[PDB]
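Peer 1: The structure's right below; bear with me while I get my questions together.
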Amino acid sequence: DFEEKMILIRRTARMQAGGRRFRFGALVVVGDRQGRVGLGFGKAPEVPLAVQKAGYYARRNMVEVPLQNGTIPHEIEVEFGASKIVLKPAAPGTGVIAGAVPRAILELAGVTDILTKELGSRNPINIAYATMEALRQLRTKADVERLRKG
RNA sequence: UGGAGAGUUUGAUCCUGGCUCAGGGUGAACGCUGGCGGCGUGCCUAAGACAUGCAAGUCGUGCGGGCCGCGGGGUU
Ligand SMILES: [K+]
Ligand SMILES: [K+]
Ligand SMILES: [Mg+2]
Ligand SMILES: [Mg+2]
Ligand SMILES: [Mg+2]
Ligand SMILES: [Mg+2]
Ligand SMILES: [Mg+2]
Ligand SMILES: [Mg+2]
Ligand SMILES: [Mg+2]
Ligand SMILES: [Mg+2]
Ligand SMILES: [Mg+2]
Ligand SMILES: [Mg+2]
Ligand SMILES: [Mg+2]
Ligand SMILES: [Mg+2]
Ligand SMILES: [Mg+2]
Ligand SMILES: [Mg+2]
Ligand SMILES: [Mg+2]
Ligand SMILES: [Mg+2]
Ligand SMILES: [Mg+2]
Ligand SMILES: [Mg+2]
Ligand SMILES: [Mg+2]
Ligand SMILES: [Mg+2]
């Protein structure tokens, strides 16, 4: 019912009297490939707990994507921190052309053909957040004419 | 009908930032190896120096001759 894929898993370290102590963080995307996505970043002393916590947080933070024949309705451009994401719709038969993070996020959203570009900072966390905000700032023609009813 | 990034400054982080890699290309060369054919291509350097052969001539339907040879005439 819900597909789950991890973006990256890292081990951070805090200093304490005696040495360094490690804590694992993990990004996880969840999607039904029908138009709903979810991104989560979980931290835990061990890797499996971090993955499970990231899955929970991802399922808690969902985004409804307005797919239009497997692609996006309009080109977007989002700056999250120093990381820029550029999305652009593509005709079918093109495929998803993106970095690892945006490819995973868009594939779990149900996108089949899209053109992307990462600019500025290539940080996977910030790129993921920028892609999520990009999918969140998507508007359909129905939404546009709904905002201009008056 | 068109756009993917990654490694690397830190104990860990974010940023700035350079370096490097994955791609495509060549009138290429070098190493190891090397079976066939078709089509292309082959002094990028000394516009340095060149043996040798060929590469620009052709018209007797423009004209008069030389040399070699033959035939027929004027003459017993
Ligand atoms: K901003
Ligand atoms: K690192
Ligand atoms: Mg929406
Ligand atoms: Mg900025
Ligand atoms: Mg940069
Ligand atoms: Mg177009
Ligand atoms: Mg068109
Ligand atoms: Mg860099
Ligand atoms: Mg320093
Ligand atoms: Mg170090
Ligand atoms: Mg420090
Ligand atoms: Mg190359
Ligand atoms: Mg190459
Ligand atoms: Mg040989
Ligand atoms: Mg050879
Ligand atoms: Mg040949
Ligand atoms: Mg030849
Ligand atoms: Mg030359
Ligand atoms: Mg050249
Ligand atoms: Mg004439
Ligand atoms: Mg003569
Ligand atoms: Mg005679």
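Ligands are numbered from 1 in the order shown, chains are lettered A, B, ... in the order of the structure tokens, and residues start at 1 in each chain.
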Show me, as a list in words, the residues of chain B whose atoms get within 9 Å of chain A, using only C-alpha atoms (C1' of nucleotides) for the distance check.
Peer 2: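 The selection requested is residues 1, 2, 3, 4, 5, 11, 12, 13 and 15 of chain B.
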Peer 1: Step by step, measure atom-to-atom distances between ligand 15 and each residue using only C-alpha atoms (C1' of nucleotides) and all ligand atoms, keep those at most 10 Å, then write them as a ChimeraX atom specification.
Peer 2: /B:30-34
Peer 1: Name the residues of segment 92-144 of chain A that come out as helix (DSSP H, G or I) in a backbone DSSP run; write them as a count of residues only.
Peer 2: 27
Peer 1: Counting only C-alpha atoms (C1' of nucleotides) and all ligand atoms, which protein, DNA or RNA residues come within 12 Å of ligand 20, given as a list in words?
Peer 2: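 Using only C-alpha atoms (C1' of nucleotides) and all ligand atoms, everything at most 12 Å from ligand 20 comes to residues 59, 60, 61 and 62 of chain B.
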Peer 1: Please check which protein, DNA or RNA residues sit within 10 Å of ligand 12, counting only C-alpha atoms (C1' of nucleotides) and all ligand atoms, and write them as a list in words.
Peer 2: residues 21, 22, 23, 24 and 25 of chain B
Peer 1: Step by step, measure atom-to-atom distances between ligand 22 and each residue using only C-alpha atoms (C1' of nucleotides) and all ligand atoms, keep those at most 9 Å, then write them as a PDB file with N, CA and C atoms (P, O5', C5', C4', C3', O3' and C1' of nucleotides), in the first residue's frame.
Peer 2:
ATOM      1  P     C B  70      65.876   4.699-101.872  1.00  0.00           P
ATOM      2  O5'   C B  70      64.370   4.552-102.373  1.00  0.00           O
ATOM      3  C5'   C B  70      63.615   3.391-102.066  1.00  0.00           C
ATOM      4  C4'   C B  70      62.148   3.576-102.363  1.00  0.00           C
ATOM      5  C3'   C B  70      61.793   3.969-103.785  1.00  0.00           C
ATOM      6  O3'   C B  70      61.845   2.888-104.695  1.00  0.00           O
ATOM      7  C1'   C B  70      60.552   5.291-102.277  1.00  0.00           C
ATOM      8  P     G B  71      62.226   3.160-106.232  1.00  0.00           P
ATOM      9  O5'   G B  71      60.880   3.734-106.860  1.00  0.00           O
ATOM     10  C5'   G B  71      59.661   3.018-106.738  1.00  0.00           C
ATOM     11  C4'   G B  71      58.482   3.860-107.147  1.00  0.00           C
ATOM     12  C3'   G B  71      58.605   4.579-108.478  1.00  0.00           C
ATOM     13  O3'   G B  71      58.375   3.740-109.593  1.00  0.00           O
ATOM     14  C1'   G B  71      57.778   6.078-106.863  1.00  0.00           C
ATOM     15  P     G B  72      59.153   4.014-110.971  1.00  0.00           P
ATOM     16  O5'   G B  72      58.378   5.252-111.601  1.00  0.00           O
ATOM     17  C5'   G B  72      56.980   5.183-111.824  1.00  0.00           C
ATOM     18  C4'   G B  72      56.394   6.529-112.157  1.00  0.00           C
ATOM     19  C3'   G B  72      57.050   7.273-113.306  1.00  0.00           C
ATOM     20  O3'   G B  72      56.637   6.813-114.580  1.00  0.00           O
ATOM     21  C1'   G B  72      56.743   8.750-111.495  1.00  0.00           C
TER      22        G B  72
END
Peer 1: I need the residue nearest ligand 4 from this list: B:36, B:16, B:76, B:28. Use only C-alpha atoms (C1' of nucleotides) and all ligand atoms for the distance.
Peer 2: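 With only C-alpha atoms (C1' of nucleotides) and all ligand atoms as the atom set, the closest residue is B:16.
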Peer 1: Could I get the residue neighbourhood of ligand 19 at 10 Å, counting only C-alpha atoms (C1' of nucleotides) and all ligand atoms, as a PyMOL selection string?
Peer 2: chain B and resi 26-28+44
Peer 1: Can those selected residues be exported to a file as a PDB file, in the first residue's frame so that it contains N, CA and C atoms (P, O5', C5', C4', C3', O3' and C1' of nucleotides)?
Peer 2:
ATOM      1  P     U B  26      35.580  11.390 -33.390  1.00  0.00           P
ATOM      2  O5'   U B  26      36.983  12.141 -33.345  1.00  0.00           O
ATOM      3  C5'   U B  26      37.102  13.478 -33.818  1.00  0.00           C
ATOM      4  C4'   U B  26      38.531  13.965 -33.792  1.00  0.00           C
ATOM      5  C3'   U B  26      39.522  13.138 -34.611  1.00  0.00           C
ATOM      6  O3'   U B  26      40.476  14.009 -35.215  1.00  0.00           O
ATOM      7  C1'   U B  26      40.226  13.221 -32.350  1.00  0.00           C
ATOM      8  P     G B  27      40.066  14.890 -36.496  1.00  0.00           P
ATOM      9  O5'   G B  27      41.075  14.416 -37.632  1.00  0.00           O
ATOM     10  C5'   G B  27      40.790  13.276 -38.439  1.00  0.00           C
ATOM     11  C4'   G B  27      42.042  12.695 -39.048  1.00  0.00           C
ATOM     12  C3'   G B  27      42.998  12.036 -38.056  1.00  0.00           C
ATOM     13  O3'   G B  27      43.670  10.949 -38.690  1.00  0.00           O
ATOM     14  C1'   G B  27      44.087  13.849 -39.113  1.00  0.00           C
ATOM     15  P     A B  28      43.673   9.496 -38.002  1.00  0.00           P
ATOM     16  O5'   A B  28      44.091   9.792 -36.495  1.00  0.00           O
ATOM     17  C5'   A B  28      45.130   9.054 -35.868  1.00  0.00           C
ATOM     18  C4'   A B  28      46.046   9.948 -35.069  1.00  0.00           C
ATOM     19  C3'   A B  28      47.055   9.235 -34.184  1.00  0.00           C
ATOM     20  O3'   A B  28      48.203   8.814 -34.896  1.00  0.00           O
ATOM     21  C1'   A B  28      45.982  10.935 -32.941  1.00  0.00           C
ATOM     22  P     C B  44      50.558  18.013 -42.700  1.00  0.00           P
ATOM     23  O5'   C B  44      49.971  17.744 -41.243  1.00  0.00           O
ATOM     24  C5'   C B  44      50.824  17.730 -40.104  1.00  0.00           C
ATOM     25  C4'   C B  44      50.393  18.736 -39.064  1.00  0.00           C
ATOM     26  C3'   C B  44      51.383  18.953 -37.920  1.00  0.00           C
ATOM     27  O3'   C B  44      51.316  20.312 -37.493  1.00  0.00           O
ATOM     28  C1'   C B  44      49.326  18.204 -37.045  1.00  0.00           C
TER      29        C B  44
END
Peer 1: Step by step, measure atom-to-atom distances between ligand 18 and each residue using only C-alpha atoms (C1' of nucleotides) and all ligand atoms, keep those at most 8 Å, then write them as a PyMOL selection string.
Peer 2: chain B and resi 43-45+47
Peer 1: Could you tell me how far atom CA of residue 75 of chain A sits from atom 1 (Mg, counted along the ligand's line) of ligand 7, in Å to one decimal place?
Peer 2: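 Between atom 1 (Mg, counted along the ligand's line) of ligand 7 and atom CA of residue 75 of chain A the gap works out to 14.7 Å.
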Peer 1: Residues up to 10 Å from ligand 1, counting only C-alpha atoms (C1' of nucleotides) and all ligand atoms: could you list those as a PyMOL selection string?
Peer 2: chain A and resi 78-84+130
Peer 1: Around ligand 16, which protein and nucleic acid residues have at least one atom no more than 10 Å from it, if we count only C-alpha atoms (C1' of nucleotides) and all ligand atoms? List them as number ranges by chain.
Peer 2: B: 37-41
Peer 1: Would you pick out the contacts of residue 20 of chain B at 12 Å or less, using only C-alpha atoms (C1' of nucleotides), so that residues sharing its chain but fewer than 3 positions from it are not included, and give the list as a PyMOL selection string?
Peer 2: chain B and resi 6-8
Peer 1: So, with only C-alpha atoms and all ligand atoms as the atoms that count, which of A:52, A:137, A:61, A:34 lies closest to ligand 3?
Peer 2: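 Closest residue, counting only C-alpha atoms and all ligand atoms: A:137.
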Peer 1: Can you list, as an MDAnalysis selection string, every residue of segment 61-117 of chain A that DSSP puts in strand (DSSP E)?
Peer 2: chainID A and resid 62:64 76:80 83:89 96:97 114:117
Peer 1: Produce a table with one row for each residue of chain A that has an atom at most 10 Å from any atom of ligand 3, each row naming the nearest atom pair and its distance in Å at one decimal; use only C-alpha atoms and all ligand atoms; arrange rows by chain and rising residue number; format as a Markdown table.
Peer 2:
| residue | atom | partner | partner_atom_place_in_ligand_line | distance |
| --- | --- | --- | --- | --- |
| A:35 | CA | ligand 3 | 1 (Mg) | 9.1 |
| A:36 | CA | ligand 3 | 1 (Mg) | 9.6 |
| A:63 | CA | ligand 3 | 1 (Mg) | 7.6 |
| A:64 | CA | ligand 3 | 1 (Mg) | 5.1 |
| A:65 | CA | ligand 3 | 1 (Mg) | 5.4 |
| A:66 | CA | ligand 3 | 1 (Mg) | 5.4 |
| A:67 | CA | ligand 3 | 1 (Mg) | 9.2 |
| A:135 | CA | ligand 3 | 1 (Mg) | 8.1 |
| A:136 | CA | ligand 3 | 1 (Mg) | 6.7 |
| A:137 | CA | ligand 3 | 1 (Mg) | 7.7 |
| A:138 | CA | ligand 3 | 1 (Mg) | 6.1 |
| A:139 | CA | ligand 3 | 1 (Mg) | 6.1 |
| A:140 | CA | ligand 3 | 1 (Mg) | 7.4 |
| A:143 | CA | ligand 3 | 1 (Mg) | 8.2 |
Peer 1: Could you tell me which of A:147, A:111, A:4, A:25 comes closest to residue 73 of chain A if we count only C-alpha atoms?
Peer 2: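 Among A:147, A:111, A:4, A:25, it is A:111 that comes nearest to residue 73 of chain A.
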Peer 1: Tell me, in Å to one decimal, how far atom CA of residue 120 of chain A is from atom 1 (Mg, counted along the ligand's line) of ligand 4.
Peer 2: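 We find that atom CA of residue 120 of chain A and atom 1 (Mg, counted along the ligand's line) of ligand 4 lie 7.7 Å from each other.
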Peer 1: Could you please determine the separation between atom CA of residue 109 of chain A and atom CA of residue 134 of chain A in Å, to one decimal place?
Peer 2: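 Calculated distance between atom CA of residue 109 of chain A and atom CA of residue 134 of chain A is 12.5 Å.
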